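First the structure, in the form of structure tokens, and then the observations on it.
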Amino acid sequence: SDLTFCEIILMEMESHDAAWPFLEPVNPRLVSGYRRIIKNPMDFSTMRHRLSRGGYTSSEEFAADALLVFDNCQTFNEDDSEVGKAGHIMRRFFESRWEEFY
Ligand SMILES: CCc1c(-c2csc(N3CCNC[C@@H]3C(=O)NCC(C)(C)C)n2)[nH]c(C)c1C(C)=O
Ligand SMILES: [Mg+2]
């Protein structure tokens with residue numbers, strides 16, 4: 001039941017217009033300094049894969065990964081960059097959906 005809500009939230013994030021920076025892992029070969037600055041990368045497909053194999057024991061673990069996506073986004077990208085702007089939309093979306101489930 002805890003995992004049901006995560007499937008709904010993850011499905012909605014995956015299909016969101018603003019999800020485009022977060023659908024796949026950042027390729028550090030293409031992004032100078034990413035490996036240096038971001039210690040714990042995370043993205044929606046990594047969450048999908050972990051959800052698929054049953055690798056989340058609780059919804060709190062799922063939310064930790066979601067928040068990590070947006071913490072990494074704000075650590076690496078300017079708030080007015082295209083990726084930063086998309087990350088703020090996605091972060092607010094996640095927080096608001098998470099709250100109306102718990
Ligand atoms: C800015 C990199 C980044 C992305 C991301 C995922 S798809 C994407 N793009 C697609 C089309 N044009 C804009 C941009 C792009 O390819 N720019 C060229 C590079 C910089 C890849 C050489 N960007 N997602 C996250 C979370 C990122 C970071 C650094 O946090
Ligand atoms: Mg926080």
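Ligands are numbered from 1 in the order shown, residues from 1 within each chain, and chains are lettered A, B, ... in the order they appear in the structure tokens.
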Please identify every polymer residue within 12 Å of ligand 1, using only C-alpha atoms and all ligand atoms, and present the set as a PyMOL selection string.
chain A and resi 18-38+40-44+68-79+81-88+90
I'd like to know which of A:94, A:64, A:80, A:99 is closest to ligand 2, using only C-alpha atoms and all ligand atoms.
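The answer is A:64, which sits nearest to ligand 2.
Closest approach to residue A:89 from the set A:52, A:11, A:17, A:46 is made by A:17, with distances taken over only C-alpha atoms.
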How far is it from atom CA of residue A:12 to atom CA of residue A:39, in Å with one decimal?
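Here the two named atoms are 26.6 Å from each other.
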Using only C-alpha atoms, which protein or nucleic acid residues come within 12 Å of residue A:7? Drop anything in the same chain fewer than 6 positions from it, and give the result as number ranges by chain.
A: 1, 13-14, 44, 47-52, 54, 56, 59, 62-63, 98
Please run DSSP on the backbone and report, as a PyMOL selection string, all residues within chain A that come out as helix (DSSP H, G or I).
chain A and resi 2-14+17-22+34-37+44-52+59-76+82-99
With distances taken over only C-alpha atoms and all ligand atoms, which of A:2, A:61, A:95, A:100 is nearest to ligand 2?
A:95
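Interatomic distance, atom CA of residue A:4 against atom 1 (Mg, counted along the ligand's line) of ligand 2: 22.6 Å.
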Would you mind reading off the distance between atom CA of residue A:16 and atom CA of residue A:57, one decimal, in Å?
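Separation between atom CA of residue A:16 and atom CA of residue A:57: 25.4 Å.
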Ranking A:9, A:96, A:91, A:53 by minimum distance to ligand 2 and counting only C-alpha atoms and all ligand atoms, which one comes first?
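Among the listed residues, the smallest separation from ligand 2 belongs to A:91.
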